[PDB]
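Asks:
Residue numbers (the authors' numbering), protein chains in the order written: chain v, 133 to 263; chain z, 5 to 114, 117 to 377; chain 2, 5 to 114, 116 to 223, 226 to 377; chain m, 5 to 112, 117 to 379.
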């Protein structure tokens with residue numbers, strides 16, 4: 133999370149906001165990345181989500197991990213290749229297009245027209261469908 | 005005939021900001037008595053009525069102050085570039101080059119905010135930007151501006167790392183309000199000239215400050231304080247008065263051609279200077295000033311060259327304790343606001359000024375090589 | 005109680021550093037006829053006539069040739085600090101701030118002849134280095150060492166282009182600069198009169214002059232843009248229809264003062280013909296020639312003809328001049344005028360006075376908080 | 005110096021006609037509050053206060069009632085001369101030419121201070137109704153005095169006698185229209201009537217200038233928009249479209265008072281009473297719906313419907329011709345111009361102000377062979 137908020141604020145171009153070792157992990161992340169002290173409920177929800185983000189099916193992450201794991205070189209290059217392949221499909225992700233469609237909702241009353249258009253489009257419903 | 009040496013006296017256009025009349029000593033701030041507003045004036049609301057053209061709303065002023073606060077920050081890469089500057093001279097050429105920042109910072113927006123935003127940006131930024139020059143001139147590390155301090159409060163906390171009482175803050179506010187407005191100025195002339203092409207506000211202010219330098223640049227009240235210090239002993243000023251009278255020069259800090267009716271601004275300056283030298287007691291500088299003033303006043307009684315603002319302002323700066331060579335920066339901090347108001351004015355003025363003149367050289371000769 | 009708007013016709017001084025006719029198109033460069041001086045003159049003698057005003061001798065000519073070549077270098081720490089600048093916008097304010105630091109590199113403050122000839126020659130030799138650097142700098146290309154082995158214009162072209170210049174092209178460019186080296190009393194000259202009489206510092210004076218050199222929206228660039236966008240010009244019918252609809256004089260074809268088509272454009276067209284003959288026939292140049300012939304076929308009665316800015320853009324594209332360069336090129340050609348100004352403007356010593364009649368509100372009450 | 009451009013704020017003198025203040029909506033007709041004066045008054049005493057300035061008795065009232073009836077007719081040879089006029093142009097220049105001949109009949117002090125006065129007072133409505141019947145070809149009507157002045161006007165212009173309540177409402181409207189602030193008509197009067205030649209050409213020029221900007225005024229466009237209303241359900245789409253138009257909303261907003269001068273309030277109350285008394289009709293229903301919709305949004309802006317909104321309504325309910333509202337207003341306009349001329353010749357001094365000459369000079373003409 134440190135290097136994460138680091139690159140984030142680096143994009144911003146401002147001077148670094150050094151973190152503190154007195155805050156909780158979620159609280160420290162919120163503070164360092166946001167320069168503001170948060171409340172507890174959102175942090176508990178974020179921890180629960182990280183738990184939801186914890187485990188999945190046999191991932192290409194884990195696949196390539198076991199693959200390079202036979203080389204027995206170093207965990208560093210392991211995590212490196214994990215990040216390298218973990219990129220979204222063609223630098224495009226389900227969640228990114230999901231938020232894009234959520235923004236594309238725009239108005240609400242016309243939902244029936246967009247619903248019918250997508251029914252004509254016959255795509256896995258935006259915000260609906262796994263493999 | 006079309007000959008007038010130096011192009012002096014010709015009126016140009018109906019200005020709607022400054023009402024300069026030397027006879028009655030009447031100050032009409034767009035038609036408003038300077039003292040009348042000044043009794044209940046605020047510099048922020050003053051700029052609001054100057055550029056926005058009228059009294060704003062309370063919530064409007066609060067939002068403007070909040071925006072100025074949030075926009076007060078500075079750039080790290082600029083700070084790195086700042087150390088790259090040379091380290092020899094005075095701040096004149098320093099600021100002259102230093103203005104160029106916005107072009108590499110916030111300048112691609114030739117709109118509703120195109121006039122509303124960049125001015126507020128300059129307002130919220132320029133103070134610490136100018137202060138950094140003196141902060142760094144002696145190789146001293148600078149500190150970020152304050153967060154819970156008022157404008158002049160944060161200014162003191164930065165330029166001196168100390169916070170004084172609010173009385174001096176109100177006094178400095180009044181001082182800024184004093185030099186706040188200016189009459190027709192060659193600075194304002196060049197401001198209209200550059201802004202006539204409707205280029206921008208930022209590069210306009212750039213060329214304006216570039217031309218703002220006087221003969222060898224410098225400042226006047228600084229020379230006034232220099233002469234006052236050079237007086238030395240106060241008692242022997244009368245022999246010095248005669249020695250200076252021998253040279254047929256105007257009395258230093260006295261005898262302005264335009265202002266010659268004992269301007270009430272200078273009267274209030276003397277009164278507040280007495281108030282300060284009372285509340286904080288008189289010093290050797292105060293006693294020497296009083297004695298020299300008495301000697302000069304009893305001396306002439308014939309020219310009306312009176313103690314102007316400059317002497318009292320140098321004294322007030324000493325009572326504050328800042329570098330004497332900073333007078334031109336304060337004068338600019340005052341006049342640039344009026345320049346911006348005049349720019350807002352000339353914005354509607356799509357007249358495209360283009361004068362003409364004469365020449366009386368020789369002509370109709372040939373060219374001969376191997377001279 | 006009369007005052008022509010725009011300060012129209014204020015003969016504040018009878019200038020003695022130039023001469024022009026404007027009726028027969030006689031241009032006496034301080035008394036030097038246009039074609040006569042343009043015949044076989046090098047730049048140094050012309051600059052001496054412009055500023056010093058004396059016909060030069062071979063001795064001082066070689067002296068200046070050697071001395072200027074010596075100070076023809078740029079500071080290494082200048083090359084260092086400049087790396088902190090960004091790389092996005094137009095090079096105008098960049099070149100401004102670049103010329104600005106001359107005070108950080110000079111504090112002569114005057116013998117009076119010293120910083121009237123020494124710092125003067127320094128500033129004269131200085132600017133082309135900064136310009137060519139910004140050319141290299143703005144893109145992100147490696148610098149080129151300052152070289153006095155080549156000619157001043159040749160070295161400038163070689164450095165800014167990373168490819169050596171040519172002698173006949175150098176002569177043509179020098180002639181074009183000489184034509185562009187002088188205009189009427191300019192808004193730059195207006196700022197000079199606003200400042201140079203006070204004689205603060207010639208360095209900061211030239212700085213402010215170059216800063217204000219940018220015009221309305223910084226023009227001839229748009230003219231060359233229209234010329235290039237033309238390309239194939241078989242649609243002279245829709246072009247004439249749009250011209251009739253606009254009811255505005257086609258920019259780059261017609262001016263305000265010269266009502267007889269100043270022969271500068273005539274010499275430019277003759278040189279353009281010679282160059283197109285020598286450097287081969289560019290099909291785009293052929294299309295441009297056809298378009299210009301079509302324009303002249305209809306503009307003959309109007310007396311307004313395609314300005315030499317067209318031929319200037321033509322030579323620029325033929326030489327391959329960048330976009331912002333033509334503005335920097337114009338800044339380069341004639342900025343020496345501010346030098347002759349400061350020489351004459353400081354030769355006068357009086358304070359300018361801002362005077363006007365304001366007609367705002369006279370007396371109103373400033374309410375306390377209302 | 006100082007010159008408020010275009011006669012912006014120059015004061016003429018201490019006007020001696022009436023009194024009016026906008027902050028509280030003070031309308032003191034000859035110093036008497038308009039709302040107070042509006043109770044139970046006839047036009048005779050109001051005109052006496054306007055011109056003569058004295059509250060009259062029943063004696064001179066009956067005297068004028070008889071005398072006006074005596075001079076209530078017009079020349080038949082005048083009708084024959086008018087029969088030579090064309091029948092295609094606008095009624096404005098028609099009425100202008102009609103008045104243009106008053107002096108030819110009555111030509112050539118103390119006695120000529122009430123004779124042509126009362127003559128013109130009785131006359132003009134006859135000329136108006138005559139042009140009305142004339143422009144098409146309907147035969148004229150005999151001049152009558154058995155009916156009331158407004159009743160006679162209605163009978164003449166419409167071939168139908170009016171009703172008493174409608175006559176009272178029309179008189180109230182005329183009283184509201186009786187005068188405005190010192191008007192452009194009054195401006196031209198002051199520009200001309202000081203010369204003290206004759207009231208005839210004075211009233212002529214007053215009516216001529218009374219023509220609206222570009223021979224039209226607000227009421228024409230207001231009634232045009234009212235007719236264009238038609239269907240009611242489309243107001244909201246049109247409301248948003250006009251909100252995107254950025255223009256003075258039709259039937260909303262003027263430049264005189266910021267508090268909706270109670271003239272319009274009395275007009276709206278009378279309109280409500282009248283629409284209640286008479287058949288409501290769908291026109292008034294559409295008007296009520298459109299007015300409610302307009303007021304639903306402009307309440308924050310404080311811009312109120314023009315009196316012309318209710319004026320067109322009253323006109324259409326009565327069935328007033330389109331080109332008539334101009335002379336309809338011109339009636340009370342000349343009524344005010346009466347007191348304008350009365351007080352105007354009292355001042356006896358020619359007016360010829362200066363000017364700012366901006367032309368060139370020192371030029372000369374060349375022959376046509378050179379020019």
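No residue lacks a Cβ here, since even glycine has one placed at the ideal position from N, Cα and C.
1) Tell me where the beta strand (DSSP E) around residue 33 (chain m) begins and ends.
2) Kindly indicate the opening and closing residues of the alpha helix (DSSP H) around residue 139 (chain z).
3) When DSSP labels each residue in this structure, what does residue 260 (chain 2) get in the three-state scheme?
4) Using 8 Å as the cut-off, can you tell me whether the region 190-199 of chain v makes contact with the region 210-220 of chain v, which would need three or more C-beta pairs spanning the two stretches below that distance?
5) Would you say residue 191 (chain v) reaches chain z, if we count a Cβ-Cβ gap shorter than 8 Å as a contact?
6) Can you pull out the residues from the region 25-51 of chain 2 whose beta carbon lies closer than 8 Å to at least one beta carbon of chain m?
7) Considering Cα atoms alone, identify which of 243 (chain z), 315 (chain z), 7 (chain z), 246 (chain z) is closest to residue 337 (chain z).
8) Can you look up residue 148 (chain 2) in the DSSP assignment and give me helix, strand or coil?
9) Is there a Cβ of chain 2 sitting closer than 8 Å to that of residue 366 (chain m), yes or no?
10) So, under 8 Å CB-CB, residue 306 (chain m) and residue 257 (chain m) are touching, yes? Tell me the CB distance rounded to an integer number of Å.
11) Could you please give me the residues that DSSP links to residue 36 (chain m) through a beta bridge?
12) Would you say residue 202 (chain 2) faces chain m, with C-beta separation under 8 Å as the test?
13) Where does residue 181 (chain 2) land, buried or exposed, given buried means 16+ other C-beta within 10 angstroms?
14) Determine, using beta carbons only, whether residue 186 (chain 2) and residue 170 (chain 2) come nearer to each other than 8 Å.
15) Looking at C-beta atoms only, is the number of pairs between the region 350-364 of chain m and the region 258-271 of chain m that lie closer than 8 Å three or more?
16) Check the Cβ of residue 239 (chain m) against every Cβ in chain 2 and list those closer than 7 Å, keeping chain order.
17) In whole angstroms, what separates the C-alpha of residue 248 (chain m) from that of residue 309 (chain m)?
18) Please identify, using Cβ separations under 7 Å, the residues of the region 331-343 of chain z that lie next to chain v, in order along the chain.
19) Closest Cβ-Cβ distance between residue 12 (chain m) and chain 2: below 8 Å?
20) Could you give the distance in angstroms between the alpha-carbon of residue 47 (chain 2) and the alpha-carbon of residue 61 (chain 2)?
21) List the residues of chain z whose Cβ lies closer than 9 Å to the Cβ of residue 57 (chain 2), in chain order.
22) Considering only the beta carbon of each residue, do residue 184 (chain 2) and residue 317 (chain 2) sit closer than 8 Å?
23) Output the distance between the C-alpha atoms of residue 84 (chain 2) and residue 242 (chain z), rounded to the nearest integer angstrom.
24) Tell me which residue opens and which closes the beta strand (DSSP E) that residue 24 (chain m) is part of.
25) Looking only at its own chain, which residues have a Cβ that is under 8 Å from the Cβ of residue 146 (chain 2), when we skip the five neighbours before and after it?
26) Enumerate in chain order the residues of its own chain whose CB-to-CB distance from residue 299 (chain 2) is below 6 Å, with the five nearest sequence positions on each side excluded.
27) Between residue 328 (chain z) and residue 73 (chain 2), what straight-line distance do the alpha-carbon atoms span, to the nearest angstrom?
28) Check each residue of the region 62-92 of chain z: if its Cβ is closer than 8 Å to any Cβ of chain 2, include it; give the result in chain order.
29) Using a 10 Å radius around the Cβ and a threshold of 16 neighbouring Cβ atoms, would you call residue 6 (chain 2) buried or exposed?
30) For a contact meaning CB atoms closer than 7 Å, what does residue 6 (chain 2) contact in chain m?
31) If you pair each beta-carbon of the region 136-153 of chain m with each one of the region 77-95 of chain m, do three or more pairs fall below 8 Å?
32) When you compare the CB positions of residue 219 (chain 2) and residue 96 (chain 2), do they come within less than 8 Å of one another, or not?
33) Quick check: the Cα distance between residue 107 (chain 2) and residue 226 (chain z), rounded to an integer number of angstroms?
34) Quick one: list the residues of chain z neighbouring residue 108 (chain 2), beta-carbon separation under 9 Å, in chain order.
35) Run the CB neighbour count on residue 116 (chain z), radius 10 Å, all protein chains shown included, and call it buried at 16 or more, exposed below.
36) Using three-state DSSP, classify residue 313 (chain 2) as helix, strand or coil.
Replies: Here's the rundown:
1) 30-33
2) 118-143
3) strand
4) yes
5) Not a single C-beta of chain z is nearer than 8 Å to the C-beta of residue 191 (chain v).
6) none
7) When only C-alpha atoms are compared, the closest one is 315 (chain z).
8) coil
9) yes
10) 6 Å
11) When beta bridges are read from the DSSP output, residue 36 (chain m) appears opposite 33 (chain m).
12) no
13) buried
14) no
15) Contact between the region 350-364 of chain m and the region 258-271 of chain m is absent: fewer than three C-beta pairs spanning the two stretches fall below 8 Å.
16) The contacting residues do not exist; residue 239 (chain m) stays about 40 Å from chain 2 at best.
17) 16 Å
18) Residues of the region 331-343 of chain z with a Cβ closer than 7 Å to any Cβ of chain v: none.
19) No, no contact with chain 2.
20) 14 Å
21) Within 9 Å Cβ-Cβ: nothing; residue 57 (chain 2) doesn't reach chain z, min ~10 Å.
22) no
23) 56 Å
24) 23-25
25) Its chain contains 167 as the residues whose beta carbon lies nearer than 8 Å to that of residue 146 (chain 2), once the 5 sequence neighbours on both sides are disregarded; these appear in chain order.
26) Excluding residues within five positions, the ones whose Cβ falls inside 6 Å are 313.
27) 46 Å
28) 81, 84, 85, 88, 89, 90, 92
29) Per the 10 Å Cβ criterion, exposed.
30) 365, 366
31) Touching, yes.
32) yes
33) 22 Å
34) Ordered by position in chain z, the residues that pass the 9 Å Cβ test against residue 108 (chain 2) are 89, 90, 91, 92, 93, 97, 98, 101.
35) In the model as presented, chain z runs from 114 straight to 117, which leaves residue 116 (chain z) without coordinates.
36) In the structure shown, residue 313 (chain 2) sits in a strand (DSSP, three-state: E or B).
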